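For reference, the structure is listed below as C-alpha cells.
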Amino acid sequence: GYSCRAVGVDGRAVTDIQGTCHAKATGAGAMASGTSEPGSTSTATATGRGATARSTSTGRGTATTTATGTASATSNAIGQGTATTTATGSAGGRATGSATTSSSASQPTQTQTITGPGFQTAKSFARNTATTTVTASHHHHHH
Amino acid sequence: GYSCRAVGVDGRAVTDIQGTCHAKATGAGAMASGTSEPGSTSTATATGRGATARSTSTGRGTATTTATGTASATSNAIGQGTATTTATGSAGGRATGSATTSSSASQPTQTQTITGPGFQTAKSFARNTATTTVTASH
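Residue numbers (PDB author numbering), protein chains in the order written: chain A, 1 to 143; chain B, 1 to 138.
So, in C-alpha cells, the structure goes:
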C-alpha cells in the first residue's frame, strides 16, 4: 500500500504523491492525507484554516475528498466504487461530510447534498457511487 | 431518457424528480437542471441568486452538480464515469466549474480544485472519475 499526507502552510501549496495516493494542502491549519493500493486511487485536497481531507481506498476503489475552509471531508472506497466528498465552510460555517463505498452497501448509488447556514453535516453510502456535498456558510440564525 | 428542471423562488425549495434525474433549486435566481437515462444518474442542486447547476448523464454515468451563490457547476458523465462539480461563490466573486467523463479521455481520473477571490474557474476531464471544486470569495 501507499500513504500520503500534506500539512498546509500559508501562501503555498504542499503536495505529496506516493503511487496512487495524492495529498495536497494549502494554508496553515489545513491537513490532507490518504491511503491507497496499486489498483485503487486516493486523492485528498485541503485548503484553508480548519480544512481536513482524508481519502482511503482499497481494491479498485476511488476515494476523493476536497475540504475548503472550516470543513472536514472523509471518503472511503473499500474494495470497489467511487466515494467523493466535497465539504466547504465559509464565514464561520462548519461543514462535515463523509462518503463510503462497499459491495455490501444497501443502494448502488447514493447522493447527498446539504447546503445551509452554520454547522452542516452529510453522509452517503453506496456500492458503486457515493457522493456527498456539504456547504456551510455563516451561522445558524438565532431565534 | 429523462429531463428535470427546478427554477428557484423565494420562500420554499423547488424540486423536480423525473426518473433518474433529480433537480433542486432554493431561492429566486437559482436554477438546477439535468438529463439522464435509465442506467445513469443526474443530480443538480442550486442555492441562492445566481446559482446554476446542470447535470447531463448517459449510459451508466453519474453526474452531480452543486452551485451555491454566484456560481455555475456543470457535470457531463457521458456513457460512463462519475463527474462531480461543486461551485461556491460569495457576492463580489464568481465560481465556474465543470467536470466531464468519457471513454475518449486520456487519464482515468482527474481532480481540480481552485480557491480565491473574484472570478475563479476550473475544469476536469477523465475516463472514470472527474471531480471539480471551485470556491470564489470576495
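Virtual Cβ for every residue (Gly too), placed ideally from N, Cα, C.
Original post:
Mind checking if residue 214 of chain A is an interface residue toward chain B, Cβ cutoff 9 Å exclusive?
Top reply: Here chain A comprises residues numbered 1 to 143, so residue 214 of chain A is not present and cannot be evaluated.
Subject >> Rounded C-alpha distance that separates A:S90 from B:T70 >> reply: 14 Å
**OP:** Take the Cβ of B:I17 as the centre, count every other Cβ of all protein chains shown within 10 Å, and call the residue buried at 16 or more, exposed below.
**Re:** exposed
**OP:** Could you work out which residue in B:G34, B:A46, B:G92 is closest to B:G118 when comparing CA atoms only?
**Re:** B:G92
Original post:
For the region 36-52 of chain A against the region 6-23 of chain A, are there 3 or more C-beta pairs whose distance is under 8 Å?
Top reply: yes
Original post:
In chain order, which continuous runs of the beta strand (DSSP E) of length 3 or greater are located wholly inside the region 41-71 of chain A?
Top reply: 41-47, 51-59, 62-69
Original post:
When the Cα atoms are used, what is the spatial distance from B:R5 to A:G29?
Top reply: 39 Å
Original post:
Can you list the residues of chain A that B:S75 reaches, using a CB-CB cut of under 7 Å?
Top reply: Going along chain A, no residue has its Cβ under 7 Å from B:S75, so there is no contact; the nearest lies around 10 Å.
Subject >> Cα-Cα separation between A:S57 and A:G81, rounded to whole angstroms >> reply: 9 Å
Original post:
Where DSSP assigns a beta bridge to B:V9, which residues make up the other side?
Top reply: B:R12
Original post:
Among B:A32, B:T65, B:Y2, B:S3, which residue has its Cα nearest to the Cα of B:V14?
Top reply: B:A32
Original post:
Whose CA, out of B:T133, B:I114, B:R60, B:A46, lies closest to the CA of B:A77?
Top reply: B:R60
Original post:
Are the beta-carbon atoms of A:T64 and B:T85 separated by less than 9 Å?
Top reply: no
Original post:
Got a sec? Which residues, its chain only, sit under 7 Å from A:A87 by beta carbon, not counting five neighbours each side?
Top reply: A67, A71, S72, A73, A95, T96, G97, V134
Original post:
Checking contacts by CB at 9 Å: is A:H22 closer than that to chain B?
Top reply: yes
Original post:
If the cut is a Cβ gap below 7 Å, which residues of chain B does A:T82 touch?
Top reply: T82, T129
Original post:
the region 46-80 of chain B: which residues have C-beta closer than 7 Å to a C-beta of chain A, in chain order?
Top reply: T47, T62, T64, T66, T68
Original post:
If you draw a straight line from the C-alpha of B:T121 to the C-alpha of B:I114, how long is it?
Top reply: 7 Å
**OP:** Measuring alpha carbon to alpha carbon, tell me which of B:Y2, B:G27, B:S106, B:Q110 ends up nearest A:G116.
**Re:** B:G27
Subject >> Neighbourhood of B:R54 by C-beta distance below 7 Å, restricted to the same chain and skipping five residues each side >> reply: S33, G34, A44, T65, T74
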